[PDB]
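One structure is given below, encoded as structure tokens.
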Amino acid sequence: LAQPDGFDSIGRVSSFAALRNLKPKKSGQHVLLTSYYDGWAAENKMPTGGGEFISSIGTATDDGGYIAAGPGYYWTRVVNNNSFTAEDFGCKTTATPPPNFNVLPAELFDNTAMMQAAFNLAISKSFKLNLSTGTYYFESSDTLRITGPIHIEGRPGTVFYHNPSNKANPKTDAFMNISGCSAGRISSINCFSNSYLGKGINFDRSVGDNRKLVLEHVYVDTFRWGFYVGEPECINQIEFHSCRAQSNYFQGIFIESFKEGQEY
Amino acid sequence: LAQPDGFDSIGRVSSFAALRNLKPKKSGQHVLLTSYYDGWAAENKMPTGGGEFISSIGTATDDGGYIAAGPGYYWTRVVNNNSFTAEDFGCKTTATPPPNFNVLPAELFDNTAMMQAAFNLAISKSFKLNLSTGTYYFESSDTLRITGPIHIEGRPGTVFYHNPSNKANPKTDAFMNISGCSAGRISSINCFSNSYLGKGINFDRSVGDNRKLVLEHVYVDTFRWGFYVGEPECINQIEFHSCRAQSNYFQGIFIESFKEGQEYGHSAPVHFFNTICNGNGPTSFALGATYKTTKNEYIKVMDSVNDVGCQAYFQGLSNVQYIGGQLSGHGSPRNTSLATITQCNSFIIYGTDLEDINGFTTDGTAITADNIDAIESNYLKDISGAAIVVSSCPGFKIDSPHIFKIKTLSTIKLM
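Chains as they are written, first to last, in the UniProt record's numbering: chain A, 191 to 454; chain B, 191 to 605.
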């Protein structure tokens, strides 16, 4: 142990799935999670979603990245500096494809269910979500929703790739939906779809007003619409500080409160 | 130790108080601190202020969260990424109370002495202080002082609750005091008191000038004044990027470099960006309200029955830009104006939302369409009677805003 490389003798858990099957001894046990998925050495990469966990004996709902529940026990992730990464929930990145039409990334892993769980934790626990560089692939029938104030800070090169397939009426469905995000912070996210279909980001009144919401370096490209607002009293004091809506089929920014027939 | 749970065999220190009594062996010992306070498992929560410490043999002053001093030794906390949390010094959060008057949080733990220690470390070591979500409770007699450049970053839901009790002259004392914070950054802090008493944030020259200080998403609500400045050459290049001053008894923004008798003094240039002042004036309820302190004492909120207020008050400034904000009185507060500009130079407005003024005069006479003819004759030289009253400001400019619901004599008054 006193050797210069004595830290390797300590045992760890290989993957997050093995953590669900780790029956603890008491309600104060500490373990080390090496990575969310095992086999990172053969893939010539480094662990991403590891950390430290503390055991319990009661009953809790399996979060996916925050709570690893089991039969009569569960583990809770120790969050540092009130911040966590999307890789802590099982999200995978890949190489960014060119902005050519109908060009898909090399690997196709749907991160919709994983990112939705990461968004729910950052809203319910008020933790800052850190996004890694690379391309997050999204091919699902559900919309990625932000239903509360959230702090998202991406890196240079963070890409959200939306595949309009699997969407019922894929011409007008929104990829991301923001509602009730009062005094939120979203930064450094480049969302494109390489298909002139769908809405990039849709601001709604499903939860509440997006009062004093701040967007910085948010890029929306290759969609039927970049920023879509079709409801009054939802973007009251919204702010765009350095944003880009580029190559979207009808409009890059579309804000229409009311239409002909309904009042002011 | 080769098992999947071999990391639990290593021993830890339970609390920060136990770390003070941990006599080491030499000046190179490493130890793991689980949490600042012990007993987090019974409280059904997680450890907050833990970390790793390194031993020494010399003598050092006990910081509270950075140095755990003992007899002939002390431990030093290892800081990562030049950042630390307020929980590392012993601060506790609680559930946020509603913004109702004289409503206190559920748990009452004073975090003033521990937050002051965290502020001192972030200023002396130039570390970034991270604030957790929840309500920090302050019920002390001293003012929370920032006496140097600091980087503070809060979370969505960080609340600084100030209790005006245990404070001599609780009607005019300041909760926070910022001085000498040059090129500092403060973000995402919501300070309210639920009592229309005290100053929210006070800027002064006790240490130096707050040159190029940047405030973002700083909310001040339920105080006698939201942002208070009563000294020249202290906010020379301050910036408000998206701030809110809401439901204060008198004003949301009060800047006055000098008063009568004193000669000229100013700060320049002041920058306001997307800042909103809403609902800041004496209201029907506030005038008749009485604040009950924790010591079972009653304080009358009103100074007089003819108390009148405003949303933003500016005096003795130069080159002030108010870019795309909002000045509005919601809840019908008694206001003489929405913005009062007095003895300024080059005050320019860029597309500010202005609405919902409750017209009153300085002495407390309600401006009504019935007596609109007696107001112009008897109150011509009064600093009131418009949504924006400009007095002795040469380079004024308003630049075509959208205005509505104006229940006073005019929209702009010049004198």
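We put the CB at the ideal spot given by N, CA and C, even for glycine.
In this structure, A:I376 is the residue among A:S369, A:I376, A:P339, A:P360 with its C-alpha nearest to the C-alpha of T348 (chain A). Between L517 (chain B) and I466 (chain B), the gap from beta carbon to beta carbon is short of 9 Å. In this chain, the beta strand (DSSP E) harbouring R335 (chain A) covers 334–336. The residue among B:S457, B:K449, B:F463 with its C-alpha nearest the C-alpha of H431 (chain B) is B:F463. Shown here, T412 (chain A) sits in coil according to DSSP, grouped into three states, outside any helix or strand. The beta carbon of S316 (chain A) falls within 9 Å of a beta carbon belonging to chain B, placing the residue at that interface.
Contact with chain B is found for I340 (chain A), since one of that chain's Cβ atoms lies less than 9 Å from the residue's Cβ. Note that the C-beta distance between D399 (chain B) and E429 (chain B) is not below 9 Å. The beta-carbon of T323 (chain B) is placed less than 9 Å from the nearest beta-carbon of chain A. Chain-ordered, the chain A residues with CB closer than 8 Å to the CB of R345 (chain B) read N272, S316, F317, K318, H341. Taking a cut-off of 8 Å on C-beta distances, the stretch 430–444 of chain A touches the stretch 411–422 of chain A, as three or more cross pairs fall below it. In this structure, DSSP gives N292 (chain A) a state outside helix and strand, which the three-state scheme calls coil. Residue pairing of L223 (chain A) in beta bridges, as defined by DSSP: A:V203, A:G241. Shown here, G370 (chain B) sits in coil according to DSSP, grouped into three states, outside any helix or strand. Chain-ordered, the chain B residues with CB closer than 7 Å to the CB of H220 (chain A) read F197, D198.
Exposed is the label assigned to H592 (chain B), since fewer than 16 other Cβ atoms lie within 10 Å of its Cβ.
Contact annotation: the stretch 322–334 of chain B touches the stretch 291–306 of chain B, with at least three C-beta pairs closer than 8 Å. Contact fails between the stretch 555–568 of chain B and the stretch 535–545 of chain B, because fewer than three Cβ pairs, one in each stretch, are under 8 Å apart. Contacts between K357 (chain A) and chain B, judged by CB atoms closer than 7 Å, are missing: the closest CB pair is about 30 Å apart. Under the DSSP assignment, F475 (chain B) falls in the alpha helix (DSSP H) whose first and last residues are 474–477. Counting only residues of its own chain and dropping the five nearest sequence neighbours on each side, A296 (chain B) has a CB closer than 8 Å to the CB of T284, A285, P287. Interface annotation, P194 (chain B): in contact with chain A, CB-CB separation under 9 Å.
Going by C-alpha positions, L403 (chain B) is about 31 Å away from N380 (chain A).
By the CB criterion at 9 Å, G451 (chain A) and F417 (chain A) fall outside the cutoff. Residues of the same chain with a CB within less than 8 Å of the CB of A576 (chain B), apart from the 5 flanking positions on each side, are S527, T598, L599, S600, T601, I602, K603 in chain order.
Within the stretch 296–355 of chain B, the complete alpha helix (DSSP H) segments at least 4 residues long are 302–314, listed from N- to C-terminus.
DSSP places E566 (chain B) in the uninterrupted alpha helix (DSSP H) bounded by 562–568. Under the 8 Å Cβ criterion, the stretch 243–252 of chain A does not count as touching the stretch 272–284 of chain A, having fewer than three qualifying pairs. Per the C-alpha coordinates, the member of B:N290, B:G240, B:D252 positioned closest to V268 (chain A) is B:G240. Ranked by Cα distance from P237 (chain B), the first of A:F291, A:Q219, A:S199, A:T249 is A:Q219. Within the stretch 417–447 of chain B, the complete beta strand (DSSP E) segments at least 3 residues long are 429–436, 441–446, listed from N- to C-terminus. Cβ-Cβ separation between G455 (chain B) and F448 (chain B): approximately 5 Å, consistent with a contact (criterion under 8 Å). Shortest Cα-Cα distance from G585 (chain B) to any of B:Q533, B:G541, B:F594, B:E566 involves B:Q533.
A direct Cα-to-Cα measurement between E545 (chain B) and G519 (chain B) gives close to 7 Å.
A Cβ of chain A is located within less than 9 Å of the beta carbon of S378 (chain B). Under the three-state reduction of DSSP, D546 (chain B) is assigned to strand.
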